[PDB]
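No lab work stands behind these numbers, since they all come straight from the coordinates. Ideal geometry is used to build each Cβ from the backbone, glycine not excepted, and the neighbour counts take in all protein chains shown.
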Amino acid sequence: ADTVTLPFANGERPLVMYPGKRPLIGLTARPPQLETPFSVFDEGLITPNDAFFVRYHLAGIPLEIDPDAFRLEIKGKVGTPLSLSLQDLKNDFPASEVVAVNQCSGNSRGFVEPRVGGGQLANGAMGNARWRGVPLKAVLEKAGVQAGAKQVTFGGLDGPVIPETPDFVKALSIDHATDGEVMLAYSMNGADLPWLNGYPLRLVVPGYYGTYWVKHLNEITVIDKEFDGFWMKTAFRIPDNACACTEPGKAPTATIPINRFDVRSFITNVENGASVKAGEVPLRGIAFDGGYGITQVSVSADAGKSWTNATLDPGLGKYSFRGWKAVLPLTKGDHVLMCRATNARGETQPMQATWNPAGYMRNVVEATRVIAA
Amino acid sequence: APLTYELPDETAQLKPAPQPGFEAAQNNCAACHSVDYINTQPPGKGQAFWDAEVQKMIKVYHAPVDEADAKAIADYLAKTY
Ligand code: HEC
Ligand code: MSS
């Protein structure tokens with residue numbers, strides 16, 4: 001019954017209700033792809049489980065799982081292959097926790113100009129949660145990684161409807177996989193993983209785009225070569241340059257797999273055409289990056305002619321959303337508000353949006369017109 | 001017992017049109033995924049975009065769609081969406 005319209009062409013979407021979820025923006029049904037209403041991001045720094053976005057590639061998602069029977073298999077170039085129950089993971093290994101943003105490669109694709117094919121998302125394919133589980137490092141150490149290992153592949157319970165369609169399998173470098181931060185998450189915000197967020201176990205890859213965060217994770221293979229599965233070799237490629245970008249309409253000459261997040265920020269308490277009271281106007285929002293730390297968030301009320309430094313909220317960790325607040329004097333009339341974040345290694349946001357064929361990695365300085373009266 | 005998850009009923013449908021590619025699309029394009037994938041693509045993208053989408057389904061994802069149907073479908077899509 002209920003619909004919303006996202007602020008780009010062909011933006012109409014159903015509001016849809018899934019078990020364990022509040023109403024969310026329905027993108028596709030088979031498999032489910034659900035985007036989070038932008039308003040949620042102003043409700044607090046941690047995205048609630050019932051609001052968290054959902055993205056899947058293949059229709060054959062699991063719809064019945066016996067948690068007692070579930071096993072995580074660790075195999076390949078390891079001294080001792082492992083078959084681990086959820087009880088084993090919880091009891092036999094120390095637990096780690098991290099507050100980390102998960103964000104889709106193509107979050108904000110709907111705003112890319114010229115428009116490109118793929119998932120037509122507004123900014124709601126991101127969320128921040130407190131993940132708990134076992135560092136992958138500990139499980140791989142138990143198995144015993146062999147010298148010459150180069151990569152680790154990750155596969156889950158989901159599958160293609162037609163077996164010829166490539167299986168969803170991702171890979172990380174061995175040094176990345178064993179870094180101690182890559183996590184086998186069994187808990188999200190103090191609860192078992194919501195079904196569509198990968199019950200009962202998923203990979204969490206802090207500071208990397210969501211494609212690596214394999215859900216319903218049951219198969220881990222240590223390999224002595226580069227993995228050339230479709231979803232690494234062909235999908236999720238970005239231009240192999242600093243801007244990860246090309247001239248509108250042009251293919252890159254060389255590509256690499258998508259990897260770390262770029263710096264993003266948003267004003268969360270106002271939206272286009274919002275009314276504010278002329279005078280001191282309180283603004284707030286979020287910012288995040290690939291895990292280097294947000295150094296500053298600057299705010300403008302004159303379309304970037306001048307900037308005021310926001311006060312950063314106390315942090316929840318380097319991979320988390322970082323809240324910020326600013327109070328700006330707005331004269332009566334229209335004002336174009338902008339926020340721009342920089343991190344501890346000098347990464348920032350461009351004033352003008354760039355482009356790539358897949359519409360990945362958007363991070364342009366966000367503009368929001370408000371009316372002061 | 002195991003745990004289970006209940007998905008709501010699928011309701012996504014293609015936009016009707018008199019072109020024969022409408023029925024071909026109904027018969028070939030819902031087998032792997034819901035048709036909301038098509039309904040939500042950017043609007044008025046034109047012939048080359050839809051030609052590429054259809055070809056990708058066939059060559060990359062192995063949609064069992066013959067040459068005549070592939071053209072009817074691409075043509076229907078470029079005219080309708
Ligand atoms: C199984 C062999 C498929 C059939 C039959 C068709 N398509 Fe498909 N499609 C398939 C996959 C694995 C995906 C990616 C899904 C994901 O979430 O990543 C898609 C996606 C699309 C899209 C979205 C745009 C894109 O990613 O290219 C569109 C617009 C689309 N498919 C259209 C489409 C049409 C027109 C088909 C009949 C000719 C069709 N699909 C059939 C796999 C399969
Ligand atoms: N198994 C699996 N996993 C998985 C998948 C699929 O499909 N499957 N997807 C991806 C992606 S792609 Mo793009 O880059 S983002 C993303 C993510 C999401 O998450 P959530 O759903 O939970 O939100 O997931 C991840 N994981």
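Annotations for the structure displayed:
- Contact order relative to length of region A:37-118, as percent, for alpha carbon pairs under 8 angstrom and 6 or more apart: 15
- Under the simplified labelling scheme, the A:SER173-A:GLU113 pair shows an inter-label distance of 3.7 nm, with each label point 7 Å from Cα along Cα→Cβ.
- Only helices enter the 222 nm calculation for chain B: every DSSP H run of n ≥ 4 contributes -39,500 (n - 2.57), and dividing by all residues gives -14000 deg cm²/dmol, rounded to 500.
- For region A:208-260, trypsin sites (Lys or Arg not before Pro) meeting the loop criterion (DSSP other than H, G, I, E, B) and having at most 15 other Cβ atoms within 10 Å: A:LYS225, A:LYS250.
- Look at the stretch A:108-114: the mean tally of other chain Cβ atoms within 10 Å of its residues' Cβ atoms is 1.
- Straight-distance candidates among the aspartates and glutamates for linking to A:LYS277, with alpha-carbon spacing under 15 Å and chain neighbours fewer than 8 residues away dropped: A:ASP334.
- Contour excess over end-to-end distance, with Cα ends at A:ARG71 and A:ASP192 and 0.36 nm allotted per residue: 41.9 nm
- Test item: B:3-14 mean partner chain Cβ contacts at 10 Å: 5
- Residue-wise HN-Hα coupling along region B:24-30, computed from phi with Karplus coefficients 6.51, -1.76, 1.60 (Hz; x: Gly, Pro): 4, 5, 4, 8, 10, 9, 10
- Cβ-placed point charges (K, R +1; D, E -1), dipole of chain A about Cα centre in debye, nearest 20: 580
- Here the calculated FRET efficiency for A:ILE162 and B:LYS15, from their Cβ-Cβ distance with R0 = 41 Å, stands at 0.95, rounded to the nearest 0.05.
- Neighbour net charge for B:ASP66 - beta-carbon separation under 15 angstrom, K R +1, D E -1: -2
- 3J(HN,Hα) along region A:286-302: 9, 7, 7, 8, x, x, 8, x, 6, 8, 6, 10, 9, 10, 10, 10, 10 Hz, from the Karplus curve 6.51 cos²θ - 1.76 cosθ + 1.60 with θ = phi - 60°, whole Hz, x for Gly and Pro.
- Choice from A:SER187, A:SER85, A:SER265 with maximal GNM fluctuation in chain A (Cα, 10 Å cutoff): A:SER85
- A DSSP coil position with no more than 16 other Cβ atoms inside 10 Å describes the following trypsin sites (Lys or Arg not before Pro) in region A:301-373: A:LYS305, A:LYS332, A:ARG345.
- Candidates A:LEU34, A:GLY44, A:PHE70 compared by Cα position along the dipole of region A:33-75: farthest toward the positive end lies A:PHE70, with charges placed on Cβ.
- GNM flexibility winner over chain A from A:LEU172, A:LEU45, A:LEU84 (Cα, springs under 10 Å): A:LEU84
- Using the Cβ-Cβ distance between A:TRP307 and A:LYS150 with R0 = 51 Å, the FRET efficiency computed as 1/(1 + (r/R0)^6) comes to roughly 0.70.
- With 29 Å as the limit, the listed pairs A:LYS215/A:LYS250; A:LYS90/A:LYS170; A:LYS77/B:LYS59 have A:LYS215/A:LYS250; A:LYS77/B:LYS59 beyond it between alpha carbons.
- Computed [θ] at 222 nm, deg cm²/dmol, chain A (DSSP H ≥ 4; -39,500 (n - 2.57); rounded to nearest 500): -1500 deg cm²/dmol
- Shielding of B:27-36 by partner chains, average beta-carbon count, 10 Å: 4
- Cα gyration tensor, the protein assembly as shown - rounded (a/c under 1.5), prolate or oblate: oblate
- Between B:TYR61 and B:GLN26, the simple label model (points 7 Å from Cα in the Cβ direction) yields a spacing of 2.0 nm.
- Placing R0 at 41 angstrom, the Cβ-Cβ distance between A:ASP50 and A:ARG369 gives a FRET efficiency of 0.85 after rounding to 0.05.
- A Gaussian network model of chain A, with springs between Cα atoms under 10 Å, assigns the largest mean-square fluctuation among A:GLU164, A:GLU43, A:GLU35 to A:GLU164.
- DSSP beta bridge pairing in the protein assembly as shown, given as percent antiparallel to the nearest 5: 90
- Summed residue charge, Cβ within 9 Å of A:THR221's Cβ, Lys/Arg positive, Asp/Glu negative: 0
- Between A:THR80 and B:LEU7, the simple label model (points 7 Å from Cα in the Cβ direction) yields a spacing of 4.0 nm.
- Rounded to two decimals, the Cα-based Rg/Rh of region A:1-143, with Kirkwood Rh, is 1.05.
- Relative packing of peptides B:39-46, A:117-124 - highest average C-beta neighbours within 10 Å first: A:117-124, B:39-46
- Sequence-distant contacts, meaning Cα pairs under 8 Å at least 6 residues apart, place the relative contact order of chain A at 16 percent.
- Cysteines having no other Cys beta carbon under 4.7 Å from their own, within chain A: A:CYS104, A:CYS339
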